[PDB]
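Engineer: Take a look at upload20.cif, mmCIF, C-alpha atoms and all ligand atoms:
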```cif
data_structure
loop_
_atom_site.label_atom_id
_atom_site.label_comp_id
_atom_site.auth_asym_id
_atom_site.auth_seq_id
_atom_site.Cartn_x
_atom_site.Cartn_y
_atom_site.Cartn_z
CA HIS A 3 53.94 53.78 38.21
CA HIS A 4 53.51 53.89 34.43
CA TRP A 5 52.60 50.64 32.73
CA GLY A 6 55.42 48.39 31.63
CA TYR A 7 56.71 44.83 31.87
CA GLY A 8 58.24 44.74 35.35
CA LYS A 9 56.94 42.96 38.41
CA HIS A 10 55.43 46.18 39.73
CA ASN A 11 53.86 47.51 36.52
CA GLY A 12 53.51 44.53 34.19
CA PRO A 13 50.54 42.83 32.56
CA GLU A 14 48.99 41.63 35.83
CA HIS A 15 48.66 45.27 36.95
CA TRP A 16 47.35 46.84 33.74
CA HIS A 17 43.68 46.30 34.62
CA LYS A 18 43.81 48.96 37.36
CA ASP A 19 44.39 51.82 34.90
CA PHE A 20 42.89 49.97 31.88
CA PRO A 21 39.92 47.89 33.08
CA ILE A 22 39.31 46.61 29.52
CA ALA A 23 42.34 44.39 30.25
CA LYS A 24 39.69 41.97 31.62
CA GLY A 25 37.42 42.42 28.60
CA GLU A 26 35.70 39.99 26.30
CA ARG A 27 38.07 40.06 23.30
CA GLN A 28 41.58 40.59 24.68
CA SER A 29 44.81 39.58 22.97
CA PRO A 30 47.04 37.69 22.68
CA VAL A 31 45.56 34.19 22.97
CA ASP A 32 46.76 30.63 22.76
CA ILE A 33 45.96 29.22 19.32
CA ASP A 34 44.75 25.66 19.93
CA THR A 35 45.38 24.34 16.45
CA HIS A 36 43.04 21.34 16.61
CA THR A 37 40.01 23.34 17.73
CA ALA A 38 40.49 26.09 15.16
CA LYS A 39 38.21 25.58 12.17
CA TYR A 40 39.17 25.78 8.50
CA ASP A 41 36.99 28.48 6.92
CA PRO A 42 36.48 28.03 3.15
CA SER A 43 34.79 31.45 3.11
CA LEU A 44 38.22 33.04 3.67
CA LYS A 45 38.77 35.46 0.81
CA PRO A 46 42.36 35.20 -0.46
CA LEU A 47 45.42 37.29 2.12
CA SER A 48 46.74 40.04 -0.15
CA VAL A 49 49.86 41.67 1.30
CA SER A 50 50.83 44.53 -1.04
CA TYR A 51 54.00 46.12 0.30
CA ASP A 52 55.77 46.97 -2.99
CA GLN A 53 55.33 50.74 -2.61
CA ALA A 54 56.01 50.98 1.12
CA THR A 55 57.73 54.13 2.39
CA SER A 56 59.43 53.59 5.71
CA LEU A 57 60.35 56.78 7.52
CA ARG A 58 61.77 56.42 11.00
CA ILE A 59 62.53 54.01 13.81
CA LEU A 60 61.62 54.96 17.38
CA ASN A 61 62.37 53.47 20.82
CA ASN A 62 59.08 54.24 22.59
CA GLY A 63 60.07 52.72 25.94
CA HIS A 64 58.20 49.46 25.40
CA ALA A 65 59.40 48.32 21.94
CA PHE A 66 60.81 49.93 18.81
CA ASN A 67 58.49 50.99 15.99
CA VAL A 68 59.45 51.18 12.32
CA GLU A 69 57.05 53.83 10.99
CA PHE A 70 55.60 54.23 7.50
CA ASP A 71 53.99 56.94 5.43
CA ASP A 72 50.31 56.03 5.70
CA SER A 73 48.95 59.11 3.87
CA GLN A 74 48.15 57.04 0.74
CA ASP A 75 47.67 53.40 -0.24
CA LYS A 76 51.34 52.40 -0.42
CA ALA A 77 51.61 49.33 1.82
CA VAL A 78 48.27 47.65 2.40
CA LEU A 79 46.61 44.47 3.58
CA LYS A 80 43.39 43.24 1.93
CA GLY A 81 41.38 40.03 1.67
CA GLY A 82 41.26 37.17 4.12
CA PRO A 83 38.82 38.14 6.86
CA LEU A 84 39.03 41.83 5.96
CA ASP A 85 36.66 44.15 4.16
CA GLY A 86 38.25 46.94 2.19
CA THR A 87 41.79 48.16 2.61
CA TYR A 88 44.00 48.42 5.68
CA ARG A 89 47.11 50.62 5.53
CA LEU A 90 50.41 49.81 7.23
CA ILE A 91 51.34 52.40 9.87
CA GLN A 92 54.17 50.70 11.81
CA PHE A 93 55.72 47.40 12.76
CA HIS A 94 57.39 46.33 15.96
CA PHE A 95 58.37 43.16 17.83
CA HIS A 96 57.97 41.51 21.22
CA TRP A 97 60.80 39.30 22.47
CA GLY A 98 62.19 37.47 25.44
CA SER A 99 65.19 37.44 27.73
CA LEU A 100 65.79 33.85 26.54
CA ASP A 101 65.11 32.12 23.25
CA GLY A 102 62.42 29.96 24.93
CA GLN A 103 59.97 32.85 25.35
CA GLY A 104 59.05 36.17 23.81
CA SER A 105 55.99 35.68 21.63
CA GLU A 106 52.58 37.01 22.64
CA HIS A 107 50.46 34.47 20.79
CA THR A 108 51.27 30.83 21.47
CA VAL A 109 50.52 27.78 19.32
CA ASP A 110 49.37 24.76 21.33
CA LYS A 111 51.04 26.53 24.28
CA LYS A 112 54.38 26.80 22.46
CA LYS A 113 56.16 30.13 22.85
CA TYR A 114 58.38 31.49 20.09
CA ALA A 115 61.48 33.63 20.66
CA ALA A 116 59.77 36.75 19.32
CA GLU A 117 56.72 37.99 17.44
CA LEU A 118 56.51 40.65 14.72
CA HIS A 119 53.39 42.84 14.52
CA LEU A 120 52.64 44.72 11.29
CA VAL A 121 49.92 47.18 12.34
CA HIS A 122 47.36 48.43 9.81
CA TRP A 123 44.29 50.68 10.04
CA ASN A 124 41.03 50.47 8.09
CA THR A 125 40.95 53.28 5.55
CA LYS A 127 37.19 53.77 6.01
CA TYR A 128 37.97 55.55 9.31
CA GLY A 129 40.39 58.09 7.82
CA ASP A 130 43.29 57.71 10.21
CA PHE A 131 44.58 55.49 13.00
CA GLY A 132 43.10 57.58 15.80
CA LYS A 133 39.56 57.28 14.47
CA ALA A 134 40.13 53.62 13.61
CA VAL A 135 40.83 52.75 17.27
CA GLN A 136 37.32 53.94 18.10
CA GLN A 137 35.90 51.12 15.96
CA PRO A 138 35.46 47.35 16.34
CA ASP A 139 36.95 46.77 12.86
CA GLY A 140 39.49 49.57 13.03
CA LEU A 141 42.77 47.64 12.87
CA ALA A 142 44.30 44.55 11.29
CA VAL A 143 47.55 43.19 12.70
CA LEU A 144 49.64 40.67 10.79
CA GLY A 145 51.51 38.64 13.38
CA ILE A 146 54.59 36.61 12.43
CA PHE A 147 56.49 34.34 14.79
CA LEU A 148 60.29 34.37 15.02
CA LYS A 149 62.36 31.33 15.93
CA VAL A 150 66.13 31.28 16.38
CA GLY A 151 68.02 29.50 13.63
CA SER A 152 69.56 30.90 10.50
CA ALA A 153 69.81 34.64 10.04
CA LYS A 154 67.09 36.66 8.32
CA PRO A 155 68.97 38.95 5.91
CA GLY A 156 66.04 41.30 5.51
CA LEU A 157 66.08 41.99 9.25
CA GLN A 158 69.74 43.05 9.44
CA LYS A 159 69.14 46.72 8.59
CA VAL A 160 66.84 46.86 11.63
CA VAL A 161 69.39 45.13 13.87
CA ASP A 162 72.16 47.49 12.83
CA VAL A 163 70.23 50.71 13.54
CA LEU A 164 69.33 49.67 17.08
CA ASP A 165 72.61 51.05 18.42
CA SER A 166 71.34 54.54 17.54
CA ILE A 167 68.00 54.17 19.40
CA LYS A 168 69.23 52.41 22.52
CA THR A 169 67.09 54.36 24.97
CA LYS A 170 63.51 55.53 25.36
CA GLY A 171 62.60 58.48 23.17
CA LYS A 172 65.44 58.13 20.68
CA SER A 173 64.56 58.00 17.00
CA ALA A 174 66.56 57.64 13.79
CA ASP A 175 65.90 57.99 10.10
CA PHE A 176 64.88 54.66 8.63
CA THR A 177 64.03 55.19 4.98
CA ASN A 178 64.01 52.61 2.19
CA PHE A 179 63.34 49.60 4.41
CA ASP A 180 61.40 46.85 2.61
CA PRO A 181 59.02 44.95 4.94
CA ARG A 182 58.61 42.21 2.30
CA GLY A 183 61.90 40.89 3.65
CA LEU A 184 60.22 39.93 6.94
CA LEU A 185 57.54 37.64 5.43
CA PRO A 186 57.70 33.83 5.36
CA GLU A 187 57.00 31.90 2.17
CA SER A 188 53.46 30.87 3.10
CA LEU A 189 50.58 33.18 3.97
CA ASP A 190 48.56 30.43 5.68
CA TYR A 191 47.06 32.01 8.80
CA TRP A 192 44.75 31.90 11.78
CA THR A 193 42.38 34.80 12.46
CA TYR A 194 40.24 35.97 15.36
CA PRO A 195 38.84 39.26 16.76
CA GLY A 196 40.95 40.77 19.55
CA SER A 197 42.67 43.79 20.95
CA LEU A 198 45.77 45.88 21.25
CA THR A 199 48.31 43.98 23.36
CA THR A 200 49.64 47.12 25.07
CA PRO A 201 47.66 49.78 26.95
CA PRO A 202 45.14 51.11 26.12
CA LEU A 203 44.22 47.48 25.17
CA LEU A 204 41.39 48.63 22.89
CA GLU A 205 39.25 45.94 21.26
CA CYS A 206 39.70 47.06 17.66
CA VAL A 207 41.82 44.38 16.03
CA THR A 208 41.29 41.67 13.44
CA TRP A 209 44.30 39.45 14.20
CA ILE A 210 45.90 37.54 11.31
CA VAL A 211 48.64 35.26 12.68
CA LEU A 212 50.77 33.45 10.12
CA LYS A 213 51.38 29.75 10.69
CA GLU A 214 54.91 29.71 9.24
CA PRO A 215 57.55 31.40 11.43
CA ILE A 216 60.57 33.23 10.13
CA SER A 217 64.01 32.25 11.37
CA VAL A 218 66.42 34.86 12.76
CA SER A 219 69.89 34.23 14.10
CA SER A 220 70.89 34.22 17.76
CA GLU A 221 73.09 37.24 17.03
CA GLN A 222 70.09 39.17 15.64
CA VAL A 223 67.83 38.56 18.64
CA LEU A 224 70.72 39.23 21.05
CA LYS A 225 70.87 42.74 19.59
CA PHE A 226 67.19 43.29 20.38
CA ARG A 227 68.04 42.41 24.00
CA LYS A 228 70.63 45.22 24.22
CA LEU A 229 67.94 47.89 23.89
CA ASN A 230 66.83 49.78 26.98
CA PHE A 231 63.42 50.45 28.47
CA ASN A 232 64.93 53.46 30.30
CA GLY A 233 65.89 56.87 28.95
CA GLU A 234 69.42 58.11 28.34
CA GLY A 235 71.34 58.84 31.51
CA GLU A 236 69.11 56.60 33.64
CA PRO A 237 70.09 53.23 35.11
CA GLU A 238 70.01 50.53 32.47
CA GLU A 239 66.98 48.23 32.40
CA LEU A 240 67.26 45.96 29.38
CA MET A 241 64.28 45.89 27.00
CA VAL A 242 63.49 42.16 27.26
CA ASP A 243 60.32 40.18 28.00
CA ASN A 244 58.11 42.94 26.54
CA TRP A 245 55.29 40.46 25.83
CA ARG A 246 51.79 40.13 27.27
CA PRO A 247 50.86 36.51 28.07
CA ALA A 248 47.89 34.71 26.57
CA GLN A 249 44.47 35.94 27.70
CA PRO A 250 41.15 34.10 27.98
CA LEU A 251 39.57 33.21 24.64
CA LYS A 252 36.06 33.78 26.05
CA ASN A 253 34.37 31.52 23.48
CA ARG A 254 35.80 33.35 20.45
CA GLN A 255 36.39 31.07 17.50
CA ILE A 256 39.78 31.02 15.81
CA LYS A 257 39.49 30.39 12.07
CA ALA A 258 42.12 28.82 9.84
CA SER A 259 42.72 29.83 6.23
CA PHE A 260 44.07 26.34 5.39
CA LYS A 261 42.51 22.88 5.46
HG HG B 301 56.14 52.94 26.52
ZN ZN B 302 52.74 44.22 19.32
#
```
Re-express the file's structure as structure tokens.
Ligand SMILES: [Hg+2]
Ligand SMILES: [Zn+2]
Structural biologist:
Amino acid sequence: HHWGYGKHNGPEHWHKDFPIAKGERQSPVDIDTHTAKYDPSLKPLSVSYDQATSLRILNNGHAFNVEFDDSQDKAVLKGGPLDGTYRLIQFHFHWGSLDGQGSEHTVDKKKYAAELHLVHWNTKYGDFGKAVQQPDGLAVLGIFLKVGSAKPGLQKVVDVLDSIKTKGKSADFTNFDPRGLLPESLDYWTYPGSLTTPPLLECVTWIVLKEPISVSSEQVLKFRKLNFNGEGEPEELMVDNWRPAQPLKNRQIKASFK
């Protein structure tokens, strides 16, 4: 009865083991674009990924994580709503069984086919584990995916998925450049929220880019061939691994653009 995304163990059940699921700053949320407010106080977003060192890709039973060396400032996020420097630790995606769903955040109730999360921790707390004990511990850059033309910079990810089909499998994944997953514009919305998987901790400054990236149908179809289950167990496709929008609870979403 471990948490997951099935009928028996999915988001509507998480509150039993993780009561913060009903907390005051849970994620994701619907971004109501007209009630967001442009904030001219928002310092410029600096995404500095030139020196990133990817290491490994892991099927963790709920998504796949591309992991980075976070022992030095090598891939960092600064500016915008953030104070100081946040280091990239991993990215992963959420996606649907169908192109019409899969994102966690929505925009005026519109669901995208998938959503990329680049997860960063605030260097003032020393490592990720200490950072998730803090209200300003994490910054997540969220990027929507729509189905259209292929994203060349995603193909190395797509191709390695065959080697991490099942829960617990990992593979070397060096020399991957996350700059190839960014849209042209860094216009964004920001609000305070939480992890979107258990333990659902309320540590996150969310930075959700307005411009989606386009990926091809063939690319997202490969995501949908992954398995939630381990090797040798009956196949349960890793699809619909998204938490739906949660109550905003009077939080204000800020826009970086007028
Ligand atoms: Hg998991
Ligand atoms: Zn995520």
Engineer: What residues have any atom no more than 10 Å from ligand HG 301 (chain B) when counting all atoms listed in the file, and can you list them as a list in words?
Structural biologist: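 Those within range of ligand HG 301 (chain B) are residues 4, 5, 6, 7, 61, 62, 63, 64, 65, 66, 170, 171, 200, 201, 231 and 232 of chain A.
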Engineer: With only C-alpha atoms and all ligand atoms as the atoms that count, which of A:204, A:143, A:185, A:229 lies nearest to ligand ZN 302 (chain B)?
Structural biologist: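 Result for the nearest residue to ligand ZN 302 (chain B): A:143.
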Engineer: Pick the closest to residue 33 (chain A) from A:167, A:198, A:153, A:109: which is it, counting all atoms listed in the file?
Structural biologist: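 Under the stated criterion, the closest residue is A:109.
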Engineer: Skipping near chain neighbours, those fewer than 2 positions away, what residues fall within 8 Å of region 245-256 of chain A using only C-alpha atoms, listed as a PDB file with C-alpha atoms, in the frame of the given file?
Structural biologist:
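The resulting part06.pdb:
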```
ATOM      1  CA  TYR A   7      56.710  44.830  31.870  1.00  0.00           C
ATOM      2  CA  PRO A  13      50.540  42.830  32.560  1.00  0.00           C
ATOM      3  CA  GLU A  26      35.700  39.990  26.300  1.00  0.00           C
ATOM      4  CA  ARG A  27      38.070  40.060  23.300  1.00  0.00           C
ATOM      5  CA  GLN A  28      41.580  40.590  24.680  1.00  0.00           C
ATOM      6  CA  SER A  29      44.810  39.580  22.970  1.00  0.00           C
ATOM      7  CA  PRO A  30      47.040  37.690  22.680  1.00  0.00           C
ATOM      8  CA  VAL A  31      45.560  34.190  22.970  1.00  0.00           C
ATOM      9  CA  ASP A  32      46.760  30.630  22.760  1.00  0.00           C
ATOM     10  CA  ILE A  33      45.960  29.220  19.320  1.00  0.00           C
ATOM     11  CA  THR A  37      40.010  23.340  17.730  1.00  0.00           C
ATOM     12  CA  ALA A  38      40.490  26.090  15.160  1.00  0.00           C
ATOM     13  CA  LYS A  39      38.210  25.580  12.170  1.00  0.00           C
ATOM     14  CA  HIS A  96      57.970  41.510  21.220  1.00  0.00           C
ATOM     15  CA  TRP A  97      60.800  39.300  22.470  1.00  0.00           C
ATOM     16  CA  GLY A  98      62.190  37.470  25.440  1.00  0.00           C
ATOM     17  CA  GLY A 104      59.050  36.170  23.810  1.00  0.00           C
ATOM     18  CA  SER A 105      55.990  35.680  21.630  1.00  0.00           C
ATOM     19  CA  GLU A 106      52.580  37.010  22.640  1.00  0.00           C
ATOM     20  CA  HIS A 107      50.460  34.470  20.790  1.00  0.00           C
ATOM     21  CA  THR A 108      51.270  30.830  21.470  1.00  0.00           C
ATOM     22  CA  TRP A 192      44.750  31.900  11.780  1.00  0.00           C
ATOM     23  CA  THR A 193      42.380  34.800  12.460  1.00  0.00           C
ATOM     24  CA  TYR A 194      40.240  35.970  15.360  1.00  0.00           C
ATOM     25  CA  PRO A 195      38.840  39.260  16.760  1.00  0.00           C
ATOM     26  CA  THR A 199      48.310  43.980  23.360  1.00  0.00           C
ATOM     27  CA  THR A 200      49.640  47.120  25.070  1.00  0.00           C
ATOM     28  CA  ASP A 243      60.320  40.180  28.000  1.00  0.00           C
ATOM     29  CA  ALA A 258      42.120  28.820   9.840  1.00  0.00           C
TER      30      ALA A 258
END
```
Engineer: Figure out the distance between CA of residue 124 (chain A) and CA of residue 85 (chain A), please, to one decimal in Å.
Structural biologist: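 Rounded to one decimal, the two atoms are 8.6 Å apart.
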Engineer: Could you pull out every residue with an atom within 12 Å of (74.5, 42.3, 17.0), file coordinates, counting only C-alpha atoms, and send them as a PyMOL selection string?
Structural biologist: chain A and resi 153+157-165+218-229
Engineer: CA of residue 55 (chain A) and CA of residue 87 (chain A) are how many Å apart?
Structural biologist: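 Computing it gives 17.0 Å between the two atoms.
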Engineer: Interatomic distance between CA of residue 19 (chain A) and CA of residue 238 (chain A)?
Structural biologist: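 CA of residue 238 (chain A) lies 25.8 Å from CA of residue 19 (chain A).
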Engineer: Excluding residue 88 (chain A) and residues on its chain fewer than 2 positions from it, collect all residues at most 7 Å away from it, counting all atoms listed in the file, and give them as a PyMOL selection string.
Structural biologist: chain A and resi 78-80+86+90+122-125+142
Engineer: Any chance you can output those residues with C-alpha atoms as a CSV table (one decimal), in the frame of the given file?
Structural biologist:
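Generated file (again13.csv):
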```
chain,number,residue,atom,x,y,z
A,78,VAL,CA,48.3,47.6,2.4
A,79,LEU,CA,46.6,44.5,3.6
A,80,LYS,CA,43.4,43.2,1.9
A,86,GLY,CA,38.2,46.9,2.2
A,90,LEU,CA,50.4,49.8,7.2
A,122,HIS,CA,47.4,48.4,9.8
A,123,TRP,CA,44.3,50.7,10.0
A,124,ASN,CA,41.0,50.5,8.1
A,125,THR,CA,41.0,53.3,5.6
A,142,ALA,CA,44.3,44.6,11.3
```
Engineer: Between A:119, A:257, A:24, A:17, which is the closest to ligand ZN 302 (chain B) once you count all atoms listed in the file?
Structural biologist: A:119
Engineer: Counting only C-alpha atoms, figure out which residue out of A:168, A:94, A:154, A:10 gets nearest to residue 183 (chain A).
Structural biologist: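 Nearest candidate to residue 183 (chain A) out of A:168, A:94, A:154, A:10: A:154.
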Engineer: Pick the closest to ligand ZN 302 (chain B) from A:230, A:177, A:136, A:67: which is it, counting all atoms listed in the file?
Structural biologist: A:67
Engineer: Excluding residue 186 (chain A) and residues on its chain fewer than 3 positions from it, collect all residues at most 7 Å away from it, counting all atoms listed in the file, and give them as a PyMOL selection string.
Structural biologist: chain A and resi 214-216
Engineer: Set the distance at 8 Å and use all atoms listed in the file: which residues neighbour residue 68 (chain A) once local chain neighbours fewer than 2 positions away are removed? I'd like the list as a list in words.
Structural biologist: residues 56, 57, 58, 59, 60, 66, 70, 92, 93, 94 and 176 of chain A
Engineer: Just checking: using all atoms listed in the file, which residue out of A:179, A:128, A:114, A:95 ends up closest to ligand ZN 302 (chain B)?
Structural biologist: A:95
Engineer: Using all atoms of region 62-70 of chain A that appear in the file, construct an axis-aligned enclosing box with 5 Å of padding on every side and provide its centre coordinates and edge lengths in Å, rounded to one decimal, as lines of an AutoDock Vina configuration file.
Structural biologist:
```
center_x = 58.2
center_y = 51.3
center_z = 16.7
size_x = 15.2
size_y = 15.9
size_z = 28.4
```
